[PDB]
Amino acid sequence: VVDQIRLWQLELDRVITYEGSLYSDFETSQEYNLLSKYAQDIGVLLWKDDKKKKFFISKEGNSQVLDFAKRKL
């Protein structure tokens, strides 16, 4: 019957959304790889994609990675 709707609602409650910042437009693979590995290391990396040279960082990690970026590039 339609407790198919019930399984849809359950899956709907398994959606996750985060505030933060998408980083993109990198000159070099090196720099993209440097910041995302730093973000991975301090636990604030939520998503990345090597081929697009993009990643997303949580809000609470935002200034740590900006400050790392100023210091190391």
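Counting begins at 1, following the sequence as shown.
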{"item": "Where the record places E11 (Cα B-factor, split into thirds across the chain)", "value": "lowest"}
{"item": "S21 - which third its CA temperature factor falls in, relative to the rest of the chain", "value": "lowest"}
{"item": "Assigned third (lowest, middle, highest) for the C-alpha B factor of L35", "value": "highest"}
{"item": "Third assignment of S58 from its chain's C-alpha B-factors", "value": "middle"}
